[PDB]
Amino acid sequence: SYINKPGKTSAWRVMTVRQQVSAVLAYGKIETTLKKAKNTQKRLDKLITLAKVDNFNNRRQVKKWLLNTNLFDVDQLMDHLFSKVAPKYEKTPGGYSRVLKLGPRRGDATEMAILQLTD
Amino acid sequence: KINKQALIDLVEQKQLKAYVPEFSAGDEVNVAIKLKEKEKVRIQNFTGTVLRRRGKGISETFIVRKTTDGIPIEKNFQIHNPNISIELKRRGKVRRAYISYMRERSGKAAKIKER
Amino acid sequence: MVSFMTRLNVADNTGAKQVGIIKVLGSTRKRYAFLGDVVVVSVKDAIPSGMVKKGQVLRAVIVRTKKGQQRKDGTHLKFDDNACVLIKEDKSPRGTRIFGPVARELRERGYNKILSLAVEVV
Amino acid sequence: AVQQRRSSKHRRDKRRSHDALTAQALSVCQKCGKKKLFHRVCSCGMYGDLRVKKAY
Amino acid sequence: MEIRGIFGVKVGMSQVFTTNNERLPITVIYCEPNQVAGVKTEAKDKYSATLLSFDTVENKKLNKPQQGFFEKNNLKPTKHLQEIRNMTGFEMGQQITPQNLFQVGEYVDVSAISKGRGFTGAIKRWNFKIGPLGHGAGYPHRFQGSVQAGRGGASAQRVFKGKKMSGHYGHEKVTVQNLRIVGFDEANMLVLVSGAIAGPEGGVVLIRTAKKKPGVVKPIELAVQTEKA
RNA sequence: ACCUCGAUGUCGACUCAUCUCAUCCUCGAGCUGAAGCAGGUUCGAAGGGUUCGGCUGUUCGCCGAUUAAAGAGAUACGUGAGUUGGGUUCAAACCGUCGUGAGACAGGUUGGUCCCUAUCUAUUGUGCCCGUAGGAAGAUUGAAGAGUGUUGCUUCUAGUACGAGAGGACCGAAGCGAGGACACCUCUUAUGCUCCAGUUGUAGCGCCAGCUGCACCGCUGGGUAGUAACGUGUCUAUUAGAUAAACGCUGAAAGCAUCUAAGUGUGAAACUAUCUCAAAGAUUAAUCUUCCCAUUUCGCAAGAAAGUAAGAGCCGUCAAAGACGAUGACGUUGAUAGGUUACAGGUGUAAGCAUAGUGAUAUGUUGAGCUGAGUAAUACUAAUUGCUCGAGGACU
RNA sequence: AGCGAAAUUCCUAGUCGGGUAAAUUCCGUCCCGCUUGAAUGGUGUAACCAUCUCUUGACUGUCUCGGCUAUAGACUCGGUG
RNA sequence: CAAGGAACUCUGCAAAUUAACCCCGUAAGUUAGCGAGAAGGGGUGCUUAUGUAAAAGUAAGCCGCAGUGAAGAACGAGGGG
């Protein structure tokens with residue numbers, strides 16, 4: 001607090017969440033912390049379950065989750081996803097993905113978990 | 001074990017005004033107020049606008065105001081409450097579900113009866 | 001929950017407007033007042049058309065409370081205003097022109113001079 | 001709020017005694033022939049039947 | 001003694017209106033008719049007591065010692081097995097309803113371990129006063145004040161054993177007494193009490209007969225909503 | 001001047017206080033120049049309690065207010081590795097003084113920098129290693145404890161007694177308090193930083209729209225799960241035993257009488273128990289009972305391989321728990337968390353659409369949408385498919 | 001002279017009044033002022049003041065009275081130490 | 001942080017009230033330069049139409065609970081010394 005670190009705060013966390021959910025869209029794979037992988041995954045499942053009405057309001061809202069990437073954009077990920085991904089997941093009651101327990105970090109020896117999912 | 005919490009409503013079913021006249025927390029209502037000093041239920045009406053109104057069962061509550069003698073009368077009641085007969089008379093309008101302004105605002109500002 | 005060095009109106013016409021507690025009498029560290037409590041109070045606001053000078057100290061009872069106070073029944077009785085009226089060492093008030101209908105959770109504690117001095121009690 | 005003496009080795013290690021330790025988790029690995037600590041990936045890239053991870 | 005006891009679950013807290021047009025504190029408590037597990041005479045195991053078996057469950061969902069003796073005494077397997085002294089007149093394996101143990105308006109005492117508050121401050125554990133702000137207090141603006149116990153080799157120079165100090169707060173068995181019984185529903189195995197009761201939802205709470213007003217059984221009817229049309 | 005000057009924080013304030021009772025008040029009693037009432041005197045008698053606001057560094061002092069009281073002493077004038085620092089105590093400036101003057105002034109005038117990271121011990125809370133003497137499982141128990149153990153008022157009782165007259169009881173009943181304390185969120189607050197809403201402009205989102213940052217989280221207002229009192233309930237009883245003072249009875253000495261001598265009692269907010277909690281490492285290791293358990297064969301006899309099956313641990317899904325420990329739940333034979341669902345719930349009619357206005361918007365579509373946390377279901381995902389310990393009663 | 005209980009008056013918690021429910025500080029009065037006292041000038045002076053200091057409007061978690069959200073730790077890991 | 005409101009103290013330190021513009025207004029003193037943002041107040045958003053080159057601004061409509069819509073702005077008033 002001595003004009004030093006502010007550390008971790010909810011806005012920082014939620015910014016990282018939005019960014020890395022955009023990322024996993026671009027990829028379908030993230031190597032993050034479980035405490036963050038699972039945490040993202042609840043909102044992810046929300047969006048998945050809700051994405052399949054497939055309406056322009058869905059467009060305007062899912063707009064609130066992305067940025068510019070090295071790989072994709074809003075216009076590209078959004079479109080590709082909407083085009084092909086959703087129905088293959090429309091039939092199961094939640095739990096769309098898996099966070100699975102890798103080994104820990106080298107930089108901090110902290111347990112890295114991989115968040116992913118396959119049809 | 002099997003904690004359902006519907007049981008709350010299941011027992012509330014015994015003291016519930018089945019008709020529950022709707023209104024707004026800015027709606028002008030009146031009520032016949034039972035008056036039994038030690039005897040003889042009389043009716044003093046405390047009309048006025050509902051001020052707030054929350055609903056979850058017997059813990060349904062609300063507030064009503066009058067302005068008499070340059071004196072504001074602000075009394076909170078429980079919505080579900082025996083000896084309380086409710087009449088919605090003329091409907092107010094505000095698109096915010098908890099306000100405080102008219103407790104301290106002058107006249108000539110009545111909102112339209114909801115068309 | 002009303003205590004010393006809290007000033008409020010003189011809700012009864014005697015010739016004063018404002019008055020502040022100097023002591024909440026009786027029980028030590030009772031340290032609060034509520035509707036129906038009489039305490040001694042110094043007037044700092046007085047007119048010559050009445051009968052009081054600012055600085056007198058007498059006994060008054062609080063009738064209204066911006067904080068309000070709950071009815072026995074449960075109808076959560078409240079006020080927008082903290083008002084008090086002066087009595088002369090008995091349930092006979094010192095002021096008589098009733099400014100708004102007085103509270104009802106006092107009757108049992110007497111005051112019925114006042115509760116009668118009004119076309120309604122609120 | 002300070003110390004007055006230095007210590008004698010034995011009591012130091014005694015404090016350090018019930019400063020004791022605990023061991024790793026443990027499971028088996030036959031989806032690739034190791035023994036990982038319980039509830040994790042194995043050495044091989046697999047967390048059970050499929051290689052959930054790359055080679056390295 | 002005649003200690004009527006019962007095990008429940010804190011499954012609601014609300015308000016209700018009664019005769020004399022007054023609000024009643026309402027604590028909803030889920031209580032099924034339980035079954036004593038064992039009864040001992042003042043001469044059998046040297047004191048007259050009864051342990052009751054409650055939260056009846058399936059057999060193989062508990063320790064095999066405990067289930068083994070359940071079937072050794074051949075009684076219903078209830079995960080909970082808790083005793084009270086002073087009473088043994090409850091025949092071995094007696095599934096019992098409490099409307100026989102408790103009437104609708106009398107007084108009881110309600111033992112319920114309270115909110116586990118974790119570690120606490122004294123200002124809330126021993127419930128002291130907070131410090132002031134002006135004239136300089138610094139970071140130590142909230143501290144135990146003077147705790148000098150002895151100065152010089154003739155005062156104390158020590159600290160009080162058994163001293164009240166903060167620690168894990170709440171979360172030990174405590175009782176709230178003289179709470180009126182309100183009403184029953186054995187059809188719903190449920191009860192209403194008054195009060196403001198230590199403990200969370202989901203936990204089983206013991207209720208003995210009152211220590212102050214058990215001979216006080218006094219109802220005032222619950223006034224239902226009056227006008228309906 | 002003993003004893004520390006190669007160093008003893010000493011005033012007051014605030015807090016924590018606590019402790020002695022030569023007790024103020026709350027319990028009782030005794031006696032009265034104690035009509036009542038109100039007294040006095042004397043004691044038993046520390047369970048508890050005994051205020052605030054102004055004047056000055058300053059308690060003390062005064063005051064103004066009282067209430068059961070605002071008790072007196074004691075702890076380094078307890079109490080700064082507990083806090084300030086108001087002042088007498090920094091150099092600094094000045095004034096009355098004095099010195100002949102620099103200077104000095106329990107003379108004043110203006111202020112002038114409080115170090116700590118806990119080694120132990122104490123002590124709190126509590127985790128573990130081992131014990132409690134086949135293993136595992138619960139249930140206890142109570143050695144030894146702790147607390148609470150304060151009070152006022154309303155009403156009758158009863159203007160009754162008493163007295164005379166006013167005045168005004170003795171006793172008991174019921175209530176209402178205050179406070180003060182354990183708890184709880186339905187209220188009511190306040191919070192409720194991923195619930196919602198309006199929401200400014202600036203930089204964004206090819207344009208309208210529609211949303212984003214950023215500005216407290218921009219402002220504003222709500223508000224769920226929960227948090228927390230200012231909220232509400234409970235609580236302040238009652239009882240027995242020992243009794244103090246005290247009053248006894250019988251009955252002496254001292255033909256009597258005498259509460260003592262023997263004999264028999266009675267009698268206080270104090271005491272023991274009654275209430276709560278917590279307890280057998282209580283090595284004092286206690287107790288009840290439950291399950292399990294005995295696979296050829298070595299040893300100054302235990303198992304050389306079957307090493308629980310009773311259970312426990314580790315790992316995990318976790319929450320009421322939770323600094324962590326740990327407590328608890330359960331791990332697929334799974335509902336543990338999540339997701340999925342439905343609802344609650346409140347933010348309080350969404351966007352978009354068409355109508356109208358010129359538009360600021362209204363319109364209807366619309367209780368609409370939404371919903372961090374609630375509720376309750378769904379094996380949809382992860383709670384691993386595992387490993388470790390864990391049996392033969394040696395001996396009275 | 002002047003001013004006077006004063007930045008300087010023992011007495012002194014002088015006096016009177018204001019102020020004050022109630023004011024060992026204050027403001028105005030009264031002056032046997034222990035040695036006040038006219039060039040360290042007297043006695044005032046409009047303004048103004050990181051000048052003192054009185055009252056007093058808002059204003060207030062300064063306070064009662066206690067507490068909630070967010071983080072910085074502290075707490076956990078792992079390193080360095 | 002509801003509710004008061006300084007009760008705190010040796011004392012309102014802190015802490016908050018205050019702020020921008022347009023416009024209104026300001027006491028006593030005072031030496032005449034002030035005092036004086038003295039004191040103390042109102043309007044403030046947009047759609048229109050008008051204002052002109054630009055606008056202060058006008059009127060109408062609209063909308064909110066409320067429009068220096070968030071950033072950022074003196075807090076008084078009197079006493080004495």
# chains A, B, ... in the order shown; residues from 1 in each chain; ligands from 1
call {"tool": "select_by_dssp", "arguments": {"residues": "chain B", "states": "alpha helix (DSSP H)", "output": "MDAnalysis selection string"}}
result
chainID B and resid 6:12
call {"tool": "write_last_selection", "arguments": {"atoms": "N, CA, C and O atoms", "output": "compact mmCIF listing (two decimals), in the first residue's frame"}}
result
# COMPACT_ATOMS: atom_id res chain seq x y z
N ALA B 6 -39.60 -24.24 0.18
CA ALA B 6 -40.98 -24.06 -0.22
C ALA B 6 -41.91 -24.15 0.97
O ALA B 6 -42.92 -23.44 1.02
N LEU B 7 -41.57 -25.01 1.94
CA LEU B 7 -42.25 -25.09 3.22
C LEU B 7 -42.59 -23.71 3.78
O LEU B 7 -43.64 -23.52 4.39
N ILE B 8 -41.69 -22.74 3.59
CA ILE B 8 -42.00 -21.36 3.97
C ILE B 8 -43.34 -20.95 3.40
O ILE B 8 -44.26 -20.57 4.14
N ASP B 9 -43.49 -21.02 2.09
CA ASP B 9 -44.75 -20.63 1.47
C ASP B 9 -45.87 -21.59 1.86
O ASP B 9 -47.02 -21.17 2.02
N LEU B 10 -45.53 -22.88 2.01
CA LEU B 10 -46.54 -23.86 2.36
C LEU B 10 -47.22 -23.51 3.68
O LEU B 10 -48.42 -23.77 3.86
N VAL B 11 -46.48 -22.90 4.60
CA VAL B 11 -47.11 -22.52 5.85
C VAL B 11 -47.65 -21.10 5.76
O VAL B 11 -48.66 -20.78 6.40
N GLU B 12 -47.01 -20.23 4.97
CA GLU B 12 -47.55 -18.90 4.75
C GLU B 12 -48.96 -18.95 4.17
O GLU B 12 -49.73 -18.01 4.38
call {"tool": "interface_residues", "arguments": {"of": "chain D", "to": "chain F", "cutoff": "12 Å", "atoms": "only C-alpha atoms (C1' of nucleotides)", "output": "PyMOL selection string"}}
result
chain D and resi 1-8+11-12+17-31+35-42+47-49
call {"tool": "residues_around", "arguments": {"residues": "residue H:1", "least_positions_apart": "4", "cutoff": "9 Å", "atoms": "only C-alpha atoms (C1' of nucleotides)", "output": "PyMOL selection string"}}
result
(chain F and resi 190-191) or (chain G and resi 61+67-68)
call {"tool": "write_last_selection", "arguments": {"atoms": "N, CA and C atoms (P, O5', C5', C4', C3', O3' and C1' of nucleotides)", "output": "PDB file, in the first residue's frame"}}
result
ATOM      1  P     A F 190     -29.163   2.871   4.339  1.00  0.00           P
ATOM      2  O5'   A F 190     -27.717   3.507   4.222  1.00  0.00           O
ATOM      3  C5'   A F 190     -26.928   3.661   5.382  1.00  0.00           C
ATOM      4  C4'   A F 190     -25.977   2.515   5.548  1.00  0.00           C
ATOM      5  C3'   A F 190     -25.504   1.842   4.283  1.00  0.00           C
ATOM      6  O3'   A F 190     -24.543   2.615   3.595  1.00  0.00           O
ATOM      7  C1'   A F 190     -25.886   0.239   5.989  1.00  0.00           C
ATOM      8  P     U F 191     -24.410   2.486   2.004  1.00  0.00           P
ATOM      9  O5'   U F 191     -23.571   1.148   1.811  1.00  0.00           O
ATOM     10  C5'   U F 191     -22.344   0.960   2.497  1.00  0.00           C
ATOM     11  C4'   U F 191     -21.971  -0.499   2.574  1.00  0.00           C
ATOM     12  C3'   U F 191     -22.015  -1.258   1.262  1.00  0.00           C
ATOM     13  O3'   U F 191     -20.850  -1.053   0.482  1.00  0.00           O
ATOM     14  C1'   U F 191     -22.990  -2.558   3.000  1.00  0.00           C
TER      15        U F 191
ATOM     16  P     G G  61     -20.386  11.834  10.173  1.00  0.00           P
ATOM     17  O5'   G G  61     -19.020  11.148  10.585  1.00  0.00           O
ATOM     18  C5'   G G  61     -18.061  11.852  11.360  1.00  0.00           C
ATOM     19  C4'   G G  61     -17.012  10.913  11.874  1.00  0.00           C
ATOM     20  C3'   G G  61     -16.098  10.350  10.800  1.00  0.00           C
ATOM     21  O3'   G G  61     -14.799  10.144  11.344  1.00  0.00           O
ATOM     22  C1'   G G  61     -17.432   8.600  11.734  1.00  0.00           C
ATOM     23  P     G G  67     -17.777  -3.561  15.854  1.00  0.00           P
ATOM     24  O5'   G G  67     -18.070  -3.304  14.311  1.00  0.00           O
ATOM     25  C5'   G G  67     -19.246  -3.831  13.727  1.00  0.00           C
ATOM     26  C4'   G G  67     -19.584  -3.196  12.403  1.00  0.00           C
ATOM     27  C3'   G G  67     -18.727  -3.567  11.212  1.00  0.00           C
ATOM     28  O3'   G G  67     -18.982  -4.874  10.738  1.00  0.00           O
ATOM     29  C1'   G G  67     -19.363  -1.276  11.117  1.00  0.00           C
ATOM     30  P     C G  68     -17.912  -5.604   9.793  1.00  0.00           P
ATOM     31  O5'   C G  68     -18.351  -5.189   8.323  1.00  0.00           O
ATOM     32  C5'   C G  68     -19.668  -5.447   7.865  1.00  0.00           C
ATOM     33  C4'   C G  68     -19.927  -4.788   6.535  1.00  0.00           C
ATOM     34  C3'   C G  68     -18.842  -4.944   5.485  1.00  0.00           C
ATOM     35  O3'   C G  68     -18.851  -6.206   4.844  1.00  0.00           O
ATOM     36  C1'   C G  68     -19.581  -2.706   5.519  1.00  0.00           C
TER      37        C G  68
END
call {"tool": "atom_distance", "arguments": {"atom1": "atom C1' of residue F:16", "atom2": "atom CA of residue E:168"}}
result
21.5 Å
call {"tool": "interface_residues", "arguments": {"of": "chain F", "to": "chain C", "cutoff": "8 Å", "atoms": "only C-alpha atoms (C1' of nucleotides)", "output": "list in words"}}
result
residues 51, 52, 53, 65, 66, 67, 152, 178 and 179 of chain F
call {"tool": "write_last_selection", "arguments": {"atoms": "C-alpha atoms (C1' of nucleotides)", "output": "PDB file, in the first residue's frame"}}
result
ATOM      1  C1'   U F  51     -23.132   9.084  34.910  1.00  0.00           C
ATOM      2  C1'   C F  52     -22.650  13.174  31.849  1.00  0.00           C
ATOM      3  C1'   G F  53     -21.615  18.405  30.151  1.00  0.00           C
ATOM      4  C1'   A F  65     -27.604  18.152  35.688  1.00  0.00           C
ATOM      5  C1'   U F  66     -28.915  14.232  38.094  1.00  0.00           C
ATOM      6  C1'   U F  67     -29.551   8.657  38.778  1.00  0.00           C
ATOM      7  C1'   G F 152     -34.968   0.825  38.908  1.00  0.00           C
ATOM      8  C1'   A F 178     -33.337   0.922  32.073  1.00  0.00           C
ATOM      9  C1'   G F 179     -29.139  -0.947  31.437  1.00  0.00           C
TER      10        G F 179
END
